[PDB]
Amino acid sequence: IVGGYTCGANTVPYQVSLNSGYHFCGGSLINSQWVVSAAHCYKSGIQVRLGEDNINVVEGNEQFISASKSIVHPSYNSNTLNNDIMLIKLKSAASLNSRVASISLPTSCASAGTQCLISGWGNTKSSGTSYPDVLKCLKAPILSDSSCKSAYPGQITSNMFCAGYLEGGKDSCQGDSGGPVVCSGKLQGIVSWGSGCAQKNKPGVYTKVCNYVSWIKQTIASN
Ligand SMILES: NC(=[NH2+])c1ccc2[nH]c(-c3cc([C@@H](CC(=O)[O-])C(=O)[O-])cc(Br)c3[O-])nc2c1
Ligand SMILES: [Ca+2]
Ligand SMILES: [Cl-]
């Protein structure tokens, strides 16, 4: 997260870290046995780490659970990142409490101007790499579809939306991919891509979760 602030320990109880001997992507807990992340974060040997704040220190509240299976959307296109979503089923259910909790799926899509909270342990530098130990937060608004298409002509599908600041300075970045974009307590987006991080007129692009609720429910119901 570039230009964000320190969230504060366990203030984002649905945030998870996907770990393969190091933190490589974020995710969101949607029930005690399932996490939603981005399809381009897929790999084998994933360990999901819940109740984390400092990912390099075991401070208490952490729950490390192996993924039993990862389900990448069948229509995911790694060249356009269209349908950049994946579901991960945990080997055992997590114990939910105040520090580890699920986030709700939306019933409707959000409008432009809606303010959202984006969080993650991704890079905090737009020009260089600096990875934090604790979780960073950023409040960002969803931009209009016209501004988003204007910024990324020919690259925005109906399953994506832009959120951020055209002036640059504040944005999500590599390492934050797969993590949550929550607006009014509902998971509206998944960190997916952008051109660099926090560059002027190049806001972040997110997977539009409201377009996948039925797919998510049907897939969880059958697995
Ligand atoms: N500006 C954003 N809102 C944003 C969000 C998620 C991103 N994820 C990435 C991302 C970048 C890389 C680098 C590779 C590198 O420098 O090592 C690349 O350009 O391919 C790789 C991954 Br995988 C990303 O998710 N960039 C991102 C940018
Ligand atoms: Ca820790
Ligand atoms: Cl266009």
Side-chain angles (χ1 to χ4, degrees), residues 1 12 14-18 24-31 34-43 46 48 67 70-89 102-112 114-122 137-145 147-149 151-164 171-197 202-220:
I1 300 290
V12 189
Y14 50 88
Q15 170 83 227
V16 319
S17 168
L18 301 190
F24 64 88
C25 275
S28 302
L29 185 65
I30 56 168
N31 63 51
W34 294 86
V35 163
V36 183
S37 184
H40 79 263
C41 286
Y42 172 88
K43 67 164 61 180
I46 297 177
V48 172
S70 297
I71 301 182
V72 165
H73 191 281
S75 304
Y76 165 61
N77 185 303
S78 38
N79 286 286
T80 59
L81 285 192
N82 187 34
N83 303 299
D84 193 9
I85 182 173
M86 164 178 79
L87 289 172
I88 303 181
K89 193 183 190 192
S102 49
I103 183 65
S104 298
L105 290 177
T107 39
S108 55
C109 301
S111 57
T114 295
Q115 208 72 29
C116 309
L117 180 71
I118 306 177
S119 50
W121 289 274
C137 281
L138 174 64
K139 285 166 166 164
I142 297 183
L143 308 184
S144 62
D145 191 39
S147 290
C148 187
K149 291 179 164 173
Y152 296 108
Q155 303 192 73
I156 303 299
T157 65
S158 45
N159 300 306
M160 306 173 187
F161 65 87
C162 291
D171 190 14
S172 47
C173 196
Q174 179 179 25
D176 294 314
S177 294
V181 179
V182 173
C183 324
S184 316
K186 308 292 184 176
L187 179 69
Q188 291 286 183
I190 300 170
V191 178
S192 182
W193 60 280
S195 214
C197 305
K202 293 298 186 186
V205 190
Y206 305 87
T207 300
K208 193 172 181 171
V209 177
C210 63
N211 289 354
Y212 299 97
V213 179
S214 322
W215 180 72
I216 292 169
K217 294 177 173 179
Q218 293 179 330
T219 299
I220 289 176

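Residues: numbered from 1 along the sequence shown.
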query: With no hydrogens and no angle check, do the side chains of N159 and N211 hold a donor and an acceptor under 3.5 Å apart?
result: yes
message: With a 4.5 Å cut-off on side-chain heavy atoms, are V36 and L87 touching?
response: yes
- request: Could you please spell out the steps behind the side chain to side chain contact (heavy atoms under 4.5 Å, CB included) verdict for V205 and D84?
  value: CA-CA 11 Å; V205 190; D84 193 9; over 6 Å; no
task: Show your working on side chain to side chain contact (heavy atoms under 4.5 Å, CB included) between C116 and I142 and close with a plain yes or no.
output: CA-CA 7 Å; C116 309; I142 297 183; 3.7 Å; yes
query: Stepwise, does the side chain to side chain contact (heavy atoms under 4.5 Å, CB included) test hold for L105 with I216?
result: CA-CA 9 Å; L105 290 177; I216 292 169; 4.0 Å; yes
Least distance between heavy atoms, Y76 atom then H40 atom: OH-CB, 3.2 Å
message: I'd like to know if the side chain of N82 and the backbone of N77 have a donor-acceptor N/O pair within less than 3.5 Å.
response: no
Under 3.5 Å: donor-acceptor pair, side chain of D171, backbone of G164: no
- request: Report the distance from atom SG of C109 to atom NZ of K208, rounding to the nearest 0.5 Å.
  value: 4.5 Å
field: Considering all heavy atoms, the nearest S119-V12 contact
entry: OG-CG1, 3.7 Å
query: To the nearest 0.5 Å, how far apart are SG in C137 and CG in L117?
result: 4.5 Å
message: Checking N83 against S75: is there a side-chain donor and acceptor pair closer than 3.5 Å?
response: no
- request: Taking all heavy atoms of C210 and all of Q188, pick out the closest pair and write down the distance.
  value: CB-NE2, 4.0 Å
message: With rounding to the nearest 0.5 angstrom, report the CD to OH distance, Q218 to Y212.
response: 14.5 Å
message: Let me confirm one number: the CG-OH distance from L18 to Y42, rounded to the nearest 0.5 Å.
response: 12.5 Å
statement: Between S70 and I46, the two heavy atoms sitting closest are OG-CD1, 4.2 Å
field: Side-chain (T114) to main-chain (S111) donor-acceptor, under 3.5 angstrom
entry: yes
query: Given side chains that start at C-beta, do those of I88 and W34 come closer than 4.5 Å, heavy atoms only?
result: no
message: Between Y152 and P203 (side chain of the first, backbone of the second, donor and acceptor by atom type, cut-off under 3.5 Å), is there such a pair?
response: yes
message: As a test of understanding, state which of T207, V209, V181 forms a side chain to side chain contact (heavy atoms under 4.5 Å, CB included) with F161.
response: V181
query: Should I103 and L29 be marked as a side chain to side chain contact (heavy atoms under 4.5 Å, CB included) after you check the CA-CA gap, both sets of side-chain angles, and the distance that decides it?
result: CA-CA 6 Å; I103 183 65; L29 185 65; over 6 Å; no
- prompt: Considering all heavy atoms of both residues, which atom of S17 and which atom of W121 are nearest to each other, and what is their separation?
  reply: CB-CZ3, 3.8 Å
- request: Could you tell me how the ring of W215 sits relative to the ring of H73: parallel (under 30°), tilted (30 to 60°) or perpendicular (over 60°)?
  value: tilted
query: Under 3.5 Å, is there a donor-acceptor pair between the side chain of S37 and the main chain of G26?
result: yes
- prompt: Quick one: does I118's side chain get under 4.5 Å of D176's, heavy atoms only?
  reply: no
task: Identify the heavy atoms of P180 and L187 that sit nearest to each other, and give their distance.
output: CB-CD1, 3.6 Å
- prompt: How long is the gap from CG on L138 to OG on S172, to the nearest 0.5 Å?
  reply: 7.5 Å
- prompt: In Å, rounded to the nearest 0.5 Å, how long is the span from CD1 of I30 to NZ of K217?
  reply: 10.0 Å
task: Take atom NZ of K139 as the centre, draw a 6.0 Å sphere, and report whether it contains more than 12 heavy atoms from other residues, nucleotides or ligands.
output: no
